[PDB]
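To start, the structure under review is shown below, and the notes come after it.
Protein chains: 2
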Amino acid sequence: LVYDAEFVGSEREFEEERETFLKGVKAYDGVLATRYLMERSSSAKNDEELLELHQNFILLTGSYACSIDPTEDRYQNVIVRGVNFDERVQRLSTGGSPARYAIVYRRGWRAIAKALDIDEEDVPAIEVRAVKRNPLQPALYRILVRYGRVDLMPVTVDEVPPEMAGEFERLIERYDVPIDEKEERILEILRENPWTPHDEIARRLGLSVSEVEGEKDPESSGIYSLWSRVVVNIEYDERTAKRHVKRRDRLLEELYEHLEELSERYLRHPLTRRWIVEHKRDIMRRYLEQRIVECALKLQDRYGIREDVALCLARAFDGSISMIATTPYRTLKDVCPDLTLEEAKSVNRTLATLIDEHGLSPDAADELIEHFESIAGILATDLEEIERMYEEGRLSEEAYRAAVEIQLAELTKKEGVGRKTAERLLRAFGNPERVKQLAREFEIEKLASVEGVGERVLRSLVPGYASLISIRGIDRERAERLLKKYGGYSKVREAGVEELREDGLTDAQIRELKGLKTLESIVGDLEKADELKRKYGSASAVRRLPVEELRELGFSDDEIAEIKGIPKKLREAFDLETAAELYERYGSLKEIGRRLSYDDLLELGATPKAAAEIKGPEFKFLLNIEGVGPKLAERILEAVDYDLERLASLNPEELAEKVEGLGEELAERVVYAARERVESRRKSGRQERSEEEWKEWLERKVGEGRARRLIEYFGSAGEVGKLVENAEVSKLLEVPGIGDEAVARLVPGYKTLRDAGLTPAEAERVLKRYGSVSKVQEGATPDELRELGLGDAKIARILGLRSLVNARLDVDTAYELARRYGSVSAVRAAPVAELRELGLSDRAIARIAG
Amino acid sequence: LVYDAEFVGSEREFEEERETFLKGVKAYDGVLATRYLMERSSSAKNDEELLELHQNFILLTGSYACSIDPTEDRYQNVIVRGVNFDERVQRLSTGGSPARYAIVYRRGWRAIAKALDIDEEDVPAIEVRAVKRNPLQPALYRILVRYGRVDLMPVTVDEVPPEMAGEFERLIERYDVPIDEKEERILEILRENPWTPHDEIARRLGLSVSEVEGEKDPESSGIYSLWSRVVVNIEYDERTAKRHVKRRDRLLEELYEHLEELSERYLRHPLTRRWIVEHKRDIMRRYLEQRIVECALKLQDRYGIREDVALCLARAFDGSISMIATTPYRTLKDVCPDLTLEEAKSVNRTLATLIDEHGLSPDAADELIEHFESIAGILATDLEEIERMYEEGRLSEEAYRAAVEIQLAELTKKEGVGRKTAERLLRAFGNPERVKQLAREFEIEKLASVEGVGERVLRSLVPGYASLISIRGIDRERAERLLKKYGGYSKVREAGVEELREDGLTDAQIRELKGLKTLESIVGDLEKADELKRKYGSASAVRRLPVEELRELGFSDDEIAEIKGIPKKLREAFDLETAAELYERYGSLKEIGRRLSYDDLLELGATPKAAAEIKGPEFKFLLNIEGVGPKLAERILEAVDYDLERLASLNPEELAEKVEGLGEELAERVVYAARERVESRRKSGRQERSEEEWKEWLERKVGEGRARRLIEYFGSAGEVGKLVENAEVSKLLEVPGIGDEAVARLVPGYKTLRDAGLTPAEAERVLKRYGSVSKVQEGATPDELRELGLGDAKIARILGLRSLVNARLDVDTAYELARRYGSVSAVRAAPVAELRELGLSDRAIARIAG
DNA sequence: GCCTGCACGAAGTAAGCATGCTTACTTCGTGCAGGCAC
DNA sequence: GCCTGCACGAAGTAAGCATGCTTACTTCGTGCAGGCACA
Ligand SMILES: [K+]
Ligand SMILES: [K+]
Ligand SMILES: [K+]
Ligand SMILES: [K+]
Ligand SMILES: [K+]
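If you read the protein sequences in the order shown, they are chains A and B. Numbered per full-length UniProt numbering, the first sequence spans residues 3 to 852. Numbered per full-length UniProt numbering, the second sequence spans residues 3 to 852.
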């Protein structure tokens with residue numbers, strides 16, 4: 003029934019009892035491990051060393067049990083299986099310790115362990131009821147454990163005297179103890195074998211086990227009474243008790259060492275303490291008592307229920323949290339009156355939801371609990387049944403309204419489903435769970451037969467119906483047939499082109515379904531495009547494939563050049579290999595011309611004119627005038643960093659100083675030509691849009707209405723365009739009718755910055771500081787962005803360090819790695835030894851790689 | 003900006019115009035492909051064959067353009083770029099076809115293609131304004147296209163007469179025609195070069211391009227007027243027209259063949275039709291109009307909006323669906339009055355939700371749309387801001403209530419969050435999007451600072467907080483610290499044991515967090531258990547690992563035997579390899595003894611006594627009596643199918659007959675021993691529970707309350723137990739307060755049958771028919787279950803054919819495969835040739851394998 | 001609750017998977033500056 | 001006036017991944033028989 007015990011001793015006594023109980027638990031764990039070694043291998047079974055180790059563990063367990071509660075007052079209200087052992091020990095002549103009188107019973111340690119706050123998940127089991135392999139007489143052993151005779155309890159199998167085992171009758175006759183006829187009949191059988199089970203004794207004597215044992219008191223009849231009568235007349239040997247207490251601990255550790263030695267011999271592996279605890283738990287798990295302890299521990303940890311109330315609930319409901327969650331509050335209070343309503347709500351989520359989220363009374367909620375078990379039960383129950391229960395007076399108004407609102411909300415939470423449509427769906431198909439099942443079964447026509455179920459309702463209910471119906475030519479019947487045939491939009495997409503054609507789908511429909519419109523731009527037919535998508539994934543990766551692999555499979559060189567986006571001036575100049583290599587390494591033809599030299603381009607196989615075309619238009623215009631020379635033009639462009647602006651923004655005297663092989667007479671002409679070019683630059687696109695042009699641009703971007711709204715709010719379309727150019731996001735948003743979508747339509751990058759989690763003011767500041775999100779990515783530093791008032795997460799997301807930061811790296815180190823290695827993929831493929839040299843942890847590098 | 007034209011002709015005329023326009027599109031695609039081949043490779047550029055092919059394509063394009071609208075009435079309301087070409091051609095003296103007069107202008111084909119319902123995604127471009135490489139005179143070519151002179155338009159470059167090209171003035175002098183001084187000044191320049199651009203003509207003559215060209219009518223001034231005056235006076239050559247119509251199509255296919263021949267030479271790959279369409283799209287993307295067309299087609303395909311209204315919306319909003327979805331119905335009707343409210347709701351999901359799901363008026367919804375763009379805007383807007391707008395009279399009551407209900411629902415959809423708590427959260431943190439962001443940032447204390455936010459609210463909002471706080475010793479501060487440090491419960495779980503210990507977590511806490519309770523039962527410490535979970539996933543897979551791999555990594559043989567659950571009589575008999583093999587193949591030691599023979603067990607390395615122990619206890623008891631012999635005992639057990647019951651249920655005369663080698667004297671004693679054994683069976687277990695025992699069993703199973711309710715409803719606990727034993731699921735469920743959970747608590751297998759989707763009556767019938775779900779799986783047939791009223795899906799789910807049915811196989815064939823090959827894994831590893839012999843398709847076997 | 005391994009059966013439970021919101025891997029369409037000219 | 005080349009960045013698309021939820025995938029509960037062995 004109930005196991006409980008209260009500790010009334012001091013803190014020192016509490017710690018002493020804790021240590022004693024833990025040592026006894028270790029001893030009994032040694033007992034159990036020795037029994038497991040006995041049963042595991044017959045080779046170890048045929049070994050007296052294992053048996054002597056087992057018996058030594060039993061003796062140490064008995065000693066530590068005798069050492070429990072020496073003052074016989076540290077514990078009170080000791081209850082085992084419902085029996086109050088306090089009063090029972092009070093009604094005895096010799097009295098004694100109720101804690102020890104409980105520990106001599108099986109599972110009685112559950113009462114003492116609760117009084118000492120021992121972690122029940124370690125299973126602190128202490129049992130002293132060994133009979134077969136007990137080196138002592140079983141009843142004498144139990145009586146010594148009860149009376150706490152540490153002096154008489156041996157700690158070594160060799161210290162066991164025969165007067166306590168085989169020749170036990172020697173000890174009785176030594177103290178002149180009166181014996182009745184029943185105890186004489188017990189002794190006449192015990193003389194044959196002192197380890198005879200009490201069941202066999204009661205069978206042969208024609209009595210009950212209770213009659214054979216008797217009360218554990220000298221003033222009774224039975225073997226327990228006889229051994230108590232013998233023990234009480236024995237004086238306490240304080241010296242021997244002190245010696246056993248001093249010796250038993252090191253002896254226990256020595257027994258553990260011997261156990262590990264025997265395990266490493268017969269099994270070639272040791273039995274760890276955690277393995278012993280887990281095996282003890284696996285053994286005890288078969289018992290409803292341990293299931294109750296586990297349920298109470300879960301109620302304490304997860305739901306925060308008090309220990310006593312959690313134990314009461316676990317006892318009353320066989321340790322079934324699922325059953326407690328379907329039990330009404332009135333029954334919970336009947337079984338455990340100390341339970342609080344808040345604890346009942348925490349354990350019963352249905353009750354909690356009904357009370358708090360719906361304002362129901364406890365009884366009104368218990369109504370729904372009794373009638374439908376859970377919220378899932380309410381969602382599965384038919385609305386007609388609920389209405390009938392309400393009409394018949396069997397369901398209260400509050401509970402009925404709550405159930406109807408729940409069933410309706412479960413459907414109205416979807417887009418396009420109103421209250422009327424949800425009620426019609428409930429009338430048509432019983433319950434929202436049935437509606438969900440019909441949607442899973444793709445019963446699209448059956449769902450659309452109900453009034454209110456439109457295209458939006460179908461898209462929100464049936465998964466994949468939106469993706470199918472959004473294709474031209476595919477109607478509702480065709481989408482339903484495809485879904486029911488293949489088993490989901492995923493399977494329809496995984497289907498083959500030939501079978502999709504067998505279903506009657508157009509090649510355009512199959513292309514739109516499989517998303518291979520670009521792959522069919524690269525490759526002629528749909529079959530090979532689908533094969534490429536299956537093999538490599540995306541057309542982007544297909545383009546990223548190397549030149550040799552692309553020439554394999556069956557692509558021409560011109561096809562590969564079109565795939566990799568090789569320009570004409572780079573395709574017709576070199577071969578495909580070197581052209582694609584240069585393109586993949588530098589990105590742009592202008593970057594090629596800036597990095598690689600004219601002589602290098604010539605050495606790679608370029609025409610002296612094609613090499614100049616690969617060189618910048620600045621180089622081309624330089625070579626146009628007289629007295630240039632390719633190397634001198636290269637030197638000039640490296641001095642002005644390939645920039646006609648910086649070339650013209652210089653005096654010819656300064657120009658002749660920077661360059662190594664050039665005179666003033668030529669520098670004058672060079673600066674003149676550069677200034678002529680920059681004069682031809684204002685004659686290009688220097689015009690800033692006029693009023694009508696800004697008006698038309700606004701009407702294009704945000705529409706006629708919002709454009710007129712902006713023009714009326716501010717001065718004119720010119721002022722609106724000025725605000726747009728200066729990225730006045732806040733001043734644009736303050737206009738009624740102008741929102742984030744319109745601002746992002748006007749201000750480029752605002753949408754990306756908002757998706758990154760930035761406030762409009764933060765996006766405005768970042769744009770005013772850097773220009774665009776591209777320049778932010780290829781420039782902004784984490785310290786700069788922190789000085790702009792941004793958080794580290796926003797900084798990582800806007801710079802692209804999202805994956806590296808998710809790999810448990812700070813923004814600073816992620817930015818350093820990305821800056822050293824170039825790309826995030828390059829950091830992920832970076833050398834592990836190089837990362838270790840940088841100073842990253844092993845687990846950090848493992849997370850980076852995975 | 004607007005392109006439109008309406009077709010009023012009959013079905014035959016519609017098909018004729020469709021074919022003519024498609025052939026003209028093919029001809030212009032050939033033109034563009036020839037130009038692409040000219041510019042792609044200089045080797046192909048230096049080839050007159052490609053130029054001749056290009057000119058033939060141009061001539062065929064001109065012919066097909068002349069062949070459009072022969073009756074001059076098939077089209078009406080022709081509008082191109084805003085100009086009404088119907089009225090423009092009506093105001094001319096010669097009249098003509100407005101469709102043909104529009105196609106001579108750039109992009110005018112967009113008007114004609116809409117009248118023929120041609121898929122605009124193919125870009126049906128037709129342009130007849132070639133100047134440089136035009137084999138004919140450009141203005142004469144355009145005028146022939148204008149007046150539809152298919153007879154005068156040549157179909158072959160060799161058929162081109164010089165009087166239509168170099169010596170074009172010969173054709174003018176053939177018809178005299180009066181000419182004015184401006185056209186004479188144009189002719190004096192055209193004599194120098196007939197292909198002089200109109201820009202150059204207007205530049206040299208000091209006039210405008212419009213003044214040089216003139217109206218395409220004889221009653222005007224310009225080169226167009228002159229050529230029209232010349233052409234009108236030319237009689238129609240019906241014979242040449244009919245011959246050209248008969249000849250041009252096959253000529254076009256021949257030109258396509260020549261184009262593919264030239265492409266396979268200079269590029270080693272052909273130009274597919276889809277590639278040509280994509281290149282046309284890439285060219286036309288610079289004309290921005292295609293952006294509008296794509297938006298209109300998307301509005302047609304997804305939301306089912308009419309073509310004209312979709313085009314109007316895309317024009318008015320620059321083809322931005324995100325912008326149209328944020329535009330109110332009033333503005334949508336102002337820009338496109340033909341739009342319907344249902345189409346506006348379909349395109350604006352916010353408007354649809356406000357109108358239908360919330361019962362708002364169109365104006366009340368346009369209010370919220372103007373003020374907050376979208377439902378996301380409302381969720382991002384502060385409740386204080388909405389209340390202020392309502393108080394100041396700037397927001398209507400209906401719109402205010404709708405916005406408040408939306409903001410509240412977005413939070414109350416979570417468990418534990420009531421209306422009061424949602425309102426308090428809105429007051430505290432502005433908006434539900436801010437609440438969601440705070441929950442993502444693990445601001446657990448900041449959220450709990452609000453009244454009403456309890457443990458359930460925290461568990462429902464913060465993901466993983468429940469999993470963390472449900473562990474003993476872990477408090478709110480520790481859970482918040484762990485979440486904010488690692489970045490989610492997933493990362494906390496992926497964290498290492500050493501760093502979790504560095505955070506101060508107990509080993510028990512780390513075990514409960516990582517779910518390594520079984521792996522730490524197999525292996526001693528936590529580090530190796532976590533490594534095993536990382537490498538293999540689950541202890542189940544660790545057990546499934548082979549013997550060699552298990553001996554690797556560092557497991558002992560006894561450890562492997564404990565892992566694989568090898569019995570003692572099978573572990574001590576053979577070696578680990580053969581023991582684990584036999585166990586994985588047969589399951590139980592009794593199955594080993596029944597299948598394998600005594601001689602086989604001996605051949606595998608078993609002791610003559612260990613082989614008998616591996617054999618059944620029936621075999622052991624048989625060998626107990628005298629004069630048996632192991633082979634004779636095997637024969638007896640094979641005769642009685644290893645069943646002492648069937649052995650005792652026989653006469654010794656019948657016993658001596660079945661086995662081939664046994665006498666009557668021995669059969670008598672065998673039957674005697676078997677009957678003695680079955681007599682020793684009735685004293686073991688047979689007691690049908692008494693009344694008090696049934697009462698206690700009910701109190702254990704369904705609880706005290708429901709047990710007493712059942713005992714009162716029915717006769718007694720005995721009757722309740724009878725109902726349970728006979729699986730009276732319906733008769734138990736009819737009791738108020740008894741539900742599926744209690745029934746499954748009483749009736750084993752009911753929970754599994756219900757999770758399989760079976761109604762309680764179906765589960766009751768299946769249980770009454772078969773006994774248990776185990777026997778259903780190991781016995782029930784699909785035909786039997788269909789006769790029991792079950793569906794094929796339920797049959798598959800209850801028999802375990804779920805994966806095979808998901809592999810697009812019917813239940814009958816899936817059951818046949820599972821019966822023949824045993825297991826689903828065996829069907830997967832089955833021979834592909836054997837499956838083909840069975841008669842499965844290639845794709846079917848592929849789906850089985852994958 | 002002798003005691004737990006051996007075996008089976010079933011959902012208890014927790015690993016593996018479907019699902020829906022989120023987020024750029026990938027599309028994919030736009031803007032614009034030079035460069036030869038139709 | 002096209003054409004090519006590159007930069008830009010939003011979501012059109014389509015995978016990424018968190019977060020919930022199935023079910024037998026993985027664990028847990030029960031009966032029994034003979035050995036660890038007792039009400
Ligand atoms: K080359
Ligand atoms: K606004
Ligand atoms: K806790
Ligand atoms: K062996
Ligand atoms: K009921």
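In this text, a Cβ means the ideal position worked out from N, Cα and C, and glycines have one as well.
query, result
"First and last residue of the uninterrupted alpha helix (DSSP H) at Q409(B)", "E399 to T414"
"Residue(s) in a DSSP beta bridge with residue 881(B)", "Look at the range of chain B in this structure, 3 to 852, and you will see that residue 881(B) is not part of it."
"Residue-level contact to chain A via CB, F319(B), 7 Å cutoff", "yes"
"Minimum Cβ-Cβ distance from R270(A) to chain B less than 7 Å", "yes"
"Chain A contact for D505(B) (CB, 7 Å cutoff)", "no"
"Classification of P330(B) by the beta-carbon crowding that lies within 10 angstroms, buried from 16 upward", "buried"
"Chain-order list of residues whose beta-carbon lies under 8 Å from that of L52(B) (same chain, five-residue window excluded)", "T36, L39, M40, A46 and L264"
"beta-carbon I740(B) near ligand 5 non-hydrogen atom, thresh 6 Å", "yes"
"Inter-residue CB distance, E435(A) and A382(A) (contact presumed, cutoff 8 Å)", "5 Å"
"Validate contact between the stretch 274-289 of chain B and the stretch 119-129 of chain B using beta carbons, cut 8 Å, 3 pairs", "yes"
"Whole alpha helix (DSSP H) elements within the stretch 78-144 of chain A, 4-residue minimum", "87-92, 100-105 and 111-117"
"Segments of 3+ residues assigned as beta strand (DSSP E) that fall wholly inside the stretch 197-277 of chain B", "none"
"Cα-Cα separation between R102(A) and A613(B), rounded to whole angstroms", "49 Å"
"Under 7 Å between C-beta atoms of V162(A) and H246(A)", "no"
"CB contact check: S542(B) to chain A, cutoff 7 Å", "no"
"The alpha helix (DSSP H) enclosing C297(A), as first and last residue numbers", "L290 to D303"
"Spatially closest choice to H373(B) from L397(B), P738(B) and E743(B), by CA coordinates", "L397(B)"
"is_contact[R304(B), chain A] using C-beta, thresh 7 Å", "yes"
"Cβ distance (whole Å) where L228(A) is taken to contact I181(A) below 8 Å", "7 Å"
"Cβ neighbour criterion (16 or more within 10 Å) applied to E453(B)", "exposed"
"Residues of the stretch 645-656 of chain B whose Cβ lies closer than 7 Å to any Cβ of chain A, in chain order", "none"
"Euclidean distance between Cα positions of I60(A) and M155(A)", "11 Å"
"Reference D178(B); option with closest CA among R205(B), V232(B) and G224(B)", "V232(B)"
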